Every structure is written in C-alpha cells, then in structure tokens.
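Novice: Below: the sequence, then the experimentally determined structure.
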Amino acid sequence: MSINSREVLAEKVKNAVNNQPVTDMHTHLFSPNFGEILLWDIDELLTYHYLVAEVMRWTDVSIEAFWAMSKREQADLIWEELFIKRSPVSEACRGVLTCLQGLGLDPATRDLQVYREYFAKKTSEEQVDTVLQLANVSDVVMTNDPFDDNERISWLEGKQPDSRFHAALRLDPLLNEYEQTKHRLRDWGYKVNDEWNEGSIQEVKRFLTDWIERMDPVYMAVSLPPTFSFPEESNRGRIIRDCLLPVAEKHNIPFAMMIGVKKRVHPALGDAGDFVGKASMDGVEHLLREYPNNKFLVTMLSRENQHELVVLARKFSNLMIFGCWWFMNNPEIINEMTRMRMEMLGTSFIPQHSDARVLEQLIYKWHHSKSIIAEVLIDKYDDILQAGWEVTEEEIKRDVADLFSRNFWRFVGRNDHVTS
Amino acid sequence: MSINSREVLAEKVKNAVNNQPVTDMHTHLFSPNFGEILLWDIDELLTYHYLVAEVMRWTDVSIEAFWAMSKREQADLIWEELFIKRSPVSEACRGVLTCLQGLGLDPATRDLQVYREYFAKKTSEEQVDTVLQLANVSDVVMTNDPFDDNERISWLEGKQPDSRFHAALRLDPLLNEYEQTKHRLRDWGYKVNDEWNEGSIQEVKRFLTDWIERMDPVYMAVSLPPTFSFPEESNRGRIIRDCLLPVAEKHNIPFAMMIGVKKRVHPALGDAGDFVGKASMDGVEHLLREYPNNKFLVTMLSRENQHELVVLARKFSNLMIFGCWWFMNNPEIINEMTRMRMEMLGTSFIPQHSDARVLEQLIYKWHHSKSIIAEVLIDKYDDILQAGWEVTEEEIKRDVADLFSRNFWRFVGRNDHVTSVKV
Amino acid sequence: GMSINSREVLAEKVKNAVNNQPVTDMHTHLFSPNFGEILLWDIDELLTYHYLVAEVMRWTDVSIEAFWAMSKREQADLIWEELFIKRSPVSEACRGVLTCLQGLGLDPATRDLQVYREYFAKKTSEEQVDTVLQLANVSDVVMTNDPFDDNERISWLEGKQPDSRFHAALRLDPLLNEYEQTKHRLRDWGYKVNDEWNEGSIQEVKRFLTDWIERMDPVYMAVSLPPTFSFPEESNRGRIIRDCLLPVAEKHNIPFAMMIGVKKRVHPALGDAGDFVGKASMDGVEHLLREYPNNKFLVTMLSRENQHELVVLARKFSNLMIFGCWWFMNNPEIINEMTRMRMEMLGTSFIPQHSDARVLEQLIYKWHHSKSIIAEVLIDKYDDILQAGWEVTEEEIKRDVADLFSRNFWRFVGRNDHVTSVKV
Ligand SMILES: [Cl-]
Ligand code: NA
C-alpha cells in the first residue's frame, strides 16, 4: 500500500520525523554527574543569554543592577518584561513556552511560582531522563573545554559521562589566545618554548593527544572570527598546520569550525555580548583542498555565508556542514537554509543542532526545528512523488535517520549510545 | 479572555492592525501650509521617480525628451508604457492602483481623465484630511533640509507645521558635502574656518542648535554611503564626533542614519539615479558602544545588511532599527525582514515607514505594509498559542500600538500629537 | 471576455498561459543535431551531468580517479544506485532526472534503468530533438559556441549551419580570460597579434571577432567572469573589452553577455564539477553600463548575495537586461526569491530563466520546474492588482507571458525568432 499523495506523505513524514531519536551533535550541556555545570529549570531558561539581550532592549534596569540581582529576581524581571508587558512572540520567548508545555506545565495560567514548584521536586538525573524522553534525544555531544576550571575538575577526578553524553574537545583558548594559554600549558607540564620550534610543536601535539586519550572526543572544535584566514603566519595558523591537522588525521577525528563570531562587541552583556560578520570562504576552501585526508565539520554564523557554504560542500566530500547556528537558529532562516541545502546536497548534510545551554531547551530546539524540517521533507518528497517516483515509508525512515543521527556518526567514524 | 482558533486570531489581529493609528516616522511630505513642496495627485503619483526608472526600461523616448515633457505628458506616457502595454505588476505600479481604489476611484475603467477630475476639485488641505483618514495616519515625520532654498524660506518666515506633522532635521549637505557647504554656513554668518579648529567646531554646533530651536526636530538625520566608517579623520567623521553627537546628547535627540546609498550612478535619471551597496557594520557598532548616552535610529539599504543589523540591535538598546527603506520596500523583502526582526527582537523594533514623496502614497504604502505585517503577527501569535499561551485582544492592540506608533515616541522621548494636546 | 472572478480561475488561466507559451531558451550548452556527438542526450548523460558527479562524490567510496576510469554506463549505474536507491533522490538535480523520464513516457515507478536505456537506443539525434523540444515547448535554443573548442570548431569549418531552431552565441572566455595562452593560437590562425598591445594587436583581435560574427551570426557575445572582475582594468581582459569587444559590439549592435561570479577549478579533479562561487563587486558592471550607453549588456550573476543589487542596477540602466537563475542559483528556493524581487522592482522587463542545459532532455525538467515557480509568482502578482481593482484580461496575461519567455530577449538583441524569420 503506497504513499500516493501529499496528504498521506505529510502524515508519514511528520511521524517519521517525530519518532526519530535525535543525535544532538553540538550542545553546551553536561552529563548530570558533572554536577552544577549542567543547567536546568525555569529560572535558567528565563535567564538564557538570548533573553538577557532581549530584556535589555525594554527594561529600565541597568545591566549592572541586573547582574547584581539573584537568578530568581532576574527570571522575574524577564518574565514581566518579555511575557507580561509585551507578548512573548520572539523565538527565544516562544521556546520557553514550548518547554513548559512539553513538561506538562500550562503556560495559559502564567503561574511562574507553580512552574518553579515542578523543578524543586526533582534531581538532575531525573530531569535528564525526563527531558531526553520528551525531546526524543538519544545522544548529546558536549562542548568540553579543558581550560575551564569548573569543568576540568570533573575530568581530573576520573568522572566519565554517562553513555548518552559524548565529549567534544573545545580548543578556542589554545588556537585564539595562545599567547596567554602558552603559560597554562607550561604550568601543566607542556614545555612549549617562546619560539615555534620542534619542541613547541611536539608539546602542543602531546597536549592534544593527552586530552583525546582522556575524553575520547567525537571531534575537536573551534569558534573563529569573520576575519579567519588560512594559511596564516599567526599562532592560530601554525597550530592548525603543524599540530591539530596531523593529530586529527592520525586519530581520524574531524575538525569542527564554527565561523563568523565577533567576540565581545558589548562586553557588559557577558555571553549576550557577541556579534556576527561574514567570513571569506578562502581559508575553508584551502583547508579542504590541501588536506584531503582530514575531515571538517563547518557551521557559519552569517546569513550571507550560507549559500556559498552549501556550494563548497558540493565541491568537497571531506566537508560536512551542520546546523543553523545561533543567530541562524530562527524559523525564517532555518527554513531557507534547509531548503537550499537539500536542493543542492539532497540528504548529505546535518540540518540542525541545539547549542542547548539549559537542559529543557532540548525540548523546544528539537520541536521547533523538526516541524520546519518535516515541512521541507514533505515538499521535497512530494516533488519526486509527483514526478512518478515511489517513496516508501522505509525509505523515509532511512532518510530521516540519516539527517538526525547517522550522517553524523558515519562522518565521525564511530558508534552512538544504542549501537555501542 | 483567551483566543482559541486561528480564524478568530486572524480577525482580531487584522482588525487591530487596520484600526491602529500610524505614526509614519520618516517621509518626504510637508504640512500643506508649506505650499507646493507638498506633492499630490495622480500625475504626481505616475511621475514618482520609482516609475520614471521603470518606464525608462521600456520606452523609446529618451530621458532628455522625457524631462522636456510636461507633468501630464510624462504621466500619460508612464500610464501607457507601464499599465496599458504591460500589466502593472510592479510594486510601484500596484501602489498607484491601491491609491486610486482607496480614494474611491475605479481602476477597472482605466479612465485616467476621470481620475484627474477628482483631484482638480480639491485643495491641498482637503486632500491631506482625506488621505490621512483613509491611510489611518495620525502623525507624519517630515524630512526638513535647511539647505533647500524652497524649504528654508518657510522656516525662516516663521511658518510652523500643522500639529500632525513633525520636523526632522536633515543634515546630508553638512556631513557629506562640507567642502561646498562650509561656504554657505559662512554666508549665513556661521564663522567656520578653513581649518577644523575650536571656532569651526563651535560654529557648526551653533548652526545645529539654531535649527533645533527653529524646528524642534524629533531626530537629526543623515543618509550615508556603503563606505561609511567611524571613527574617521574626515569632514564627516569630525562633525559627527565634535559637533553632532555632543549636541544630540545635550538635547536628547536621536541621530538617524540611513546607510547604504551610492549617490547618482546614473546622473541623467535625477532622483531615480541612485544605487546601493552593502556597508560595514563597524562604524555603527563603534558609535553604539562608545556613545551609550546617545540614541541612534538606523535603517539600511542593502539586503545583505539586514540580518546583521537585527543582531546588532540585540547587542545595543540605544539602537532602534526601523523600516524597509527604498529598494527594501518590496513585499518579498518586507516579509523576510519583518519575520527576522520579530524572531530576534520580539516587538522591540519599528517595522515600517513610508518615505512618501507624494501625499496619496500613504494609502498604498500603509495598506501594502500593514497586510504583510498582519500576516507575520498572526503566525507569531499562532505559534505561541500552539505552545499554550493565551493572547488577549487587548494585548494584541497593545503590541500593534507599540509597533506602529509607541515604540518610536518612546524611543525619541516625546509625545505624539494627541498626547501633546492632552498633556 | 469575462472578468477574472477568482484567484482559482486566475491560477488556471496563468498556468495554461505559461504552459502553452513556447520558450526561447537564451543560454544553453546544446548544439544543433547536425553538429554530431557534441550534442549530448540520453539517460546515461542525464545521470552523469556534472551536478550529479558533485553529489555522488559526497556519498560513494569510489575514488574520483576510479570514477573517471569507469565507462559512461558504469558511471550512470553508480550514480543511480548511490543517489536514487540508497538515498531518496530529493535534490533538484536528481528530481530533474525523474521529471525528464516521466516527460518522455518512461515510468520512474519501476526504477527499470535498463528499460529506460532501450528507449534511447531506438532513436536518432534528430528524432530526440523533435521529441524533446515538443515536450519542453521550446521554440528556440541559443547555443554556447566556442571557436577554441576543436570538437565544435570543426562543424563550423565544415560549413555546417545550425538547424533554424538553434541560434549561435559567441563564447570568448579563452580570448578574454586566457589571452596570454590564446595569443599563440590566434597567430596559428593568422591573426598576427603583437607582443605589445598596440594598434596591430587591436586590429587583429577585432578581425578575429568580425570573422566569427560573420560566420556564426551570433545573437550575443559571451564571457564568464570571476568574482574579482573589475573594469576598467589595465589587464589583457580590460584592454580587449575596451579596445576590441565593445567597439565591434556597438558597430554590429550585438549585446555583450556577462556571467559573473564563477571561481574556476577549486577542486580540479572534479573537472566541470570543480567550480566555486564568490560575490562580485558591482562597480565594473556599473562603469560599463554608464560609460557605454550605446552598448547593450546581458548579465546573470552566480552569488545569492549579488541578486538584489543586480535588480537595482537594472532599474538604473535600460541597456542592462538581466537574465536567468544561473547554475547554483537554479534551485527552487532561490528561483522563487529572485523572480519575486525582480518582478517587484522591474515588472515584466526582465528574462526570468534560461536552462544552461548540457544534455538535451534537461530542457524538459529545467522548463517544467521553472515554469511552475514562475506561474505562481505571476498568480500572486496578478491577484494583488485584481485586489487593487484592476481588470487583468487573459490576452494581457498571454502577452506578459510571451514577453517573459521569449519576446523580451528577441526585442533586446534586436533580432527575430525562428517563426518570425520564416514569416518575414
Ligand atoms: Cl554579502
Ligand atoms: Na525567503
């Protein structure tokens, strides 16, 4: 019994998409046994830096006074200003409501005290079980930063993430701030020299290889500015060339590059203070061509890089593009991006990741994105259906599996939580 | 109470949008007592520069011969070329038809001579009353250029605008043509020197302050090229730093920057001769960061600048972004811009202004833009209702008021014409 | 006769007008069937279009070297298996292959690639051209004619003329972008260009242009240009354009077609599938339009990020005709946004699409896919003016549709289509 109309296709696709367990291959979450660095609950949702930026456009409260408030005072203020005093129509505010609803709380009542009561009853481990189930996420990739004292501790103590959580080695401080990070590496025993000589090359490689051994990361990642260039006679250029790319190749680990972030244009806003610019594609093109035995995962921040990044993926099979990152993570842009991407790459890409910083965001990030992606799929399958092609439900489930999970694991050359 | 259908939602949003009096916070209209610089009528609509550009793509008539023609002849040619010989499907041509319809004229007859008869029967003051009612526009912000001899006369004679019309001081000749303009300032008794010294600084400030006192402007405005940078050692860079910003901070008057116009790439087209380019955001970013006690209003001309402008608005609360300017003022682009803005800023922006150069254009500019903005709001409300939120009709009316009027007045730190009459 | 009473009735009228209108496809890589094997056709050529080579290389374990070592049939088999069977053929290029097979009466439901092949084995080139132009509703095809390609050159030198449905367009990439290498061939052909760019060099390059203009009767002369294109420029390209091409173009009243934004061979092993894109400066195009008002220019651009500003540049200059959704733009999401921006700012005074077809049958999908998108843009735009009180008539719809799909081009180039050249 064939799928022979758009109407039935819409049912089968929406269901296949809803039922597919997601691998979220870039997040800011942590296994619950790491302790308090895992953020969760309605106050954390309301104080997400996305909503700090937004509240500051309305409130008379100074940013100084805001940071001096408690977490609950901050959440109260953002609730009042973004939900009660104006309708919560932005993507970030909507996402808070999608989360409350998904947990079985009722946004109709606007009863924040009662929302808070739900979270006070649970342990972190319970809420992870709840959220992963509700979000239908089988596997989460963490962002693991050896230079963050608060996170390093857990690794140093012999803690392992539970099997649903995977490590990814974040290298920004090493690559973008080597002149400072130099001295931390020396204090940790990595005997880097003032000169970029064989000794410094071998000791930075050892630092990388030691952390790879300890975390077993799925990839190594870096955020890069719009002015990113390669090759480059800079600390960043030399490290990529001489240390990171050879180690990534040896271990068959992809190098993830998140390009286009301009750091701290409004420092007082903290995490809400970063900006965006369009990047040259030249450095990415060079890396792909001149390092055919390295694998690259790339996502870019500027709307204006998105089409050319898709074309670049047509050129190089060692590029996997992923996600609608940050300022790209808004319905209007997710839609145009996913359509361009599918049109020129078919199913050979990773449409989305959450970048979740608070546990419950998995619910809204995946619900909001799946609905858009489902609709793109329905359009694209219908177009071939009307061309005379038979699409089977098995084939849909396969394609959707590729998009939400298998493409990633196939590219990184490892197995998920269920397969292992 | 709460809404729970998309039927009922669409209705309530569309009615709220239609019923909300608009503040049009950037136009090229004037109070009717200013005389003939207020353009109106069907011949003015048809010879708007947007349509001169379009007709020049089709007609065998040279641009020279076109400017040699009378207004009625130009209008006649444009009607034949763009409406009769091809269907009037462009946004500008569509707009002409929306105006005629809104006035109660029937575009079905295509009877241009009959449309003309309507306008011959009325005064400027009558037509302004008619159009502001039909467009539901309560407040119009003008573009007032003290370097235009025609306009400067009225201000200097002591004419004050009708309470529905507000001043905005346009400074392009000062900031962008100082090499010529410095000599006019001198001729007006402002003792600017050849060097940029303390004397020149204080005299340019005095010019600004005299015009602020004369016009009571709601903001000071400049149009800027794609190559705009700040800081910069240039005439413009020094006037902004030394004169404009301190004067604007002292009086608490925003600085409006309309960025991305490349002037006169086709000189023979006149007003239709200007082009566009993408700007760097660096100068705007620097201004917002380093001048936190100044308020900035910004609109940009390049499609490729729109998303990063929204992000910049997320960084800086002294930034208010506004409108879909000029080449952006097209349904396809109004739609994508309004959606991005709302997704990232909620209701903390000004979605639209008209740039109306001819009075009747307020009808189409607002009717076309309101319909798109209403669609966007319905979608965003529907998304939060789907998430369990209950929207009330009063909350809708409030959101709509913010977007079409109150956001502007709150930002510029003044009252509109009705609140002024009350306060 | 009757008013258009509803959007539903509008839609059927527009879709009918669009479907019935014979297309002039003003830029293709097809040839008149009498040119011989250089006209590519059949399912194996469809499947090995370089768009699909790019896509199969993202999936398959087969090396690019091993791929090129395979026969055409083997290549087609791999591509079918990897992009149609192992994953759903949802990409625009893949979908296009299915639209083609369907259009020819070959049923994609069966996936019977061997039976599809049998269809093509039964026919001549000339029979397939008749079939495909009828099914695609294409009246007139404009070729890309390169005098430097020996494989094509031969047909011209043999005194062969294109079938009257096929029109010549003179491609000048090797002369303009590779002059220092091409000089030597010019000299072999008796064009005695000098080491210096002096009068003799100017006159001999002009003579080469004039010779080919007279041989091919081209409707325009064409070049593809990188994102770093500038004019004026003290380069071989800049000098040839200024001193030879613009003067000859003006004398003969032939437009100059520029396809801007291709970055050649960023992945050389992929061959034709190895080219990339960048955003260009508009300055060179602006300068040419302004400073050469007696020349006509046809422009299409490769970067998404140039599209809006190109439409604005058309508003400025009546000697600019913009055309098409080129290559990486030739994707429904992008065709839609482009056609909407264009019509919003230019009305009907542009050429919405061309196919760039490299394999004969692509005319079918390229025009079927594009016509559906353009029909829907037209429906939206007519509906908006009907809602403003304007009475659009069916005859006016057909007129506007004739303008967009054929007449705008023939009017701009100052020449007649095949049917009009028979009558005259
Ligand atoms: Cl751009
Ligand atoms: Na769009």
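Specialist: Right, received. Where do you want to start? Numbers count the residues shown, from 1 in each chain, chains lettered A, B, ... in the order given. Ligands and ions are numbered 1, 2, ... in the order given.

Novice: Please identify the helix or strand for the closest residue to residue A:112 other than its chain neighbours.
Specialist: Closest residue to residue A:112 apart from its sequence neighbours, by Cβ to Cβ, 6 or more residues apart in numbering or on different chains: residue A:79 at 5.7 Å. In short, each C-beta sits where N, CA and C put it, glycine included. Assessed by DSSP states H and E, residue A:79 sits inside helix A:71-79.

Novice: tell me what that helix is packed against?
Specialist: Helix A:71-79 sits against helix A:42-46, helix A:49-56, helix A:112-120, with contacts defined as 3 or more Cβ pairs under 8 Å, 6 or more residues apart in numbering or on different chains; DSSP states H and E.

Novice: following that helix, which helix or strand comes up?
Specialist: From helix A:71-79, the next helix or strand downstream (DSSP H and E) is helix A:91-102.

Novice: For chain A, what lies in contact range of ligand 1?
Specialist: Proximity of chain A to ligand 1 (Cβ under 5 Å from the ion) is limited to residues residue A:304.

Novice: Name the residues of chain A found near chain C, please.
Specialist: Applying Cβ under 8 Å from any Cβ of the partner chain, we find that chain A lies next to chain C at A:281, A:285, A:289, A:304, A:307-308, A:311-317, A:336, A:339-340, A:342-348, A:377, A:380-381, A:383-384, A:387-391, A:395-396, A:398-399, A:402.

Novice: Out of those residues, which end up buried?
Specialist: The neighbour count (16 or more other Cβ atoms under 10 Å in any protein chain shown) marks A:281, A:285, A:289, A:304, A:307-308, A:311-317, A:336, A:339-340, A:342-348, A:377, A:380-381, A:383-384, A:387-389, A:391, A:395-396, A:398-399, A:402 as buried among the residues of chain A next to chain C.

Novice: from those residues, which ones fall inside strands?
Specialist: Among those, no member falls in strands (criterion: DSSP state E).

Novice: out of the residues you listed, which are inside helices?
Specialist: Counting by DSSP state H, these place A:285, A:289, A:307-308, A:311-315, A:336, A:339-340, A:342-345, A:377, A:380-381, A:383-384, A:395-396, A:398-399 in helices.

Novice: quick one on the thing from earlier: mind checking how far the helix holding residue A:79 is from the chain centre?
Specialist: With Cα atoms, centre = their mean, to the nearest Å as the basis, helix A:71-79 stands 26 Å off its chain's centre.

Novice: What lies in contact with that helix?
Specialist: A:42-44, A:46-47, A:51-52, A:54-55, A:59, A:61, A:66, A:69, A:112 (Cβ atoms under 8 Å, 6 or more residues apart in numbering or on different chains).

Novice: For residue A:139, state which of those residues is nearest.
Specialist: Set against residue A:139, the nearest of these by Cβ to Cβ is residue A:44 (22.0 Å).

Novice: so what's that closest one up against?
Specialist: Going by Cβ under 8 Å, 6+ apart, residue A:44 touches A:71, A:358, A:360.

Novice: got a winner among these for most neighbours?
Specialist: Tallying neighbours with other Cβ atoms under 10 Å in any protein chain shown puts residue A:360 at the head of these, with 27 neighbours.

Novice: give the contact list for that residue.
Specialist: With contact taken as Cβ under 8 Å, 6+ apart, residue A:360 is in contact with A:40-42, A:44-45, A:99, A:102-103, A:127, A:131.

Novice: again, only this time at 6 Å
Specialist: Neighbouring residues of residue A:360 by Cβ atoms under 6 Å, 6 or more residues apart in numbering or on different chains: A:45, A:99, A:131.

Novice: Output these as TSV; include the columns neighbour count and distance to residue A:160.
Specialist: Formatted as TSV, those follow (neighbours: other Cβ atoms under 10 Å in any protein chain shown; distance: Cβ to Cβ, whole Å):
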residue	neighbour count	distance to residue A:160
A:45	27	28
A:99	27	28
A:131	22	20
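
Novice: Going by distance to chain B, which of those residues wins?
Specialist: When the contacts of residue A:360 are compared for distance to chain B (Cβ to the nearest Cβ), residue A:99 wins out at 8.8 Å.

Novice: Spatially nearest residue to the residue of the stretch 301-420 of chain A found nearest ligand 1, not counting backbone neighbours?
Specialist: Residue of the stretch 301-420 of chain A nearest ligand 1, by Cβ to the ion: residue A:304 (3.8 Å). Distance criterion Cβ to Cβ, 6+ apart; nearest residue to residue A:304, sequence neighbours excluded, is residue A:278 at 4.6 Å.

Novice: my read: the one you found touches residue A:301, true?
Specialist: No. Counting by Cβ atoms under 6 Å, residue A:278 does not reach residue A:301; the two are 8.8 Å apart.

Novice: quick one, which of the two is more surrounded?
Specialist: A direct count of neighbours by other Cβ under 10 Å for residue A:278 and residue A:301 places residue A:301 higher, at 28 against 22.

Novice: so who does the closest residue to the more buried one other than its chain neighbours touch?
Specialist: If the residues on either side of it in the chain are set aside, residue A:301 comes closest to residue A:260, at 3.2 Å by Cβ to Cβ, 6+ apart. Contacts for residue A:260 (Cβ under 6 Å, 6+ apart) come out as A:226, A:276-277, A:279, A:300-302.

Novice: what about residue A:260, distance to residue C:308?
Specialist: 21 Å (Cβ to Cβ, to the nearest Å).

Novice: Kindly report the same for residue A:217.
Specialist: For residue A:217 relative to residue C:308 (Cβ to Cβ), the value is 42 Å.

Novice: Check residue A:411 too.
Specialist: 35 Å.

Novice: what do you get for residue A:376?
Specialist: Relative to residue C:308, residue A:376 is positioned 24 Å away (Cβ to Cβ).
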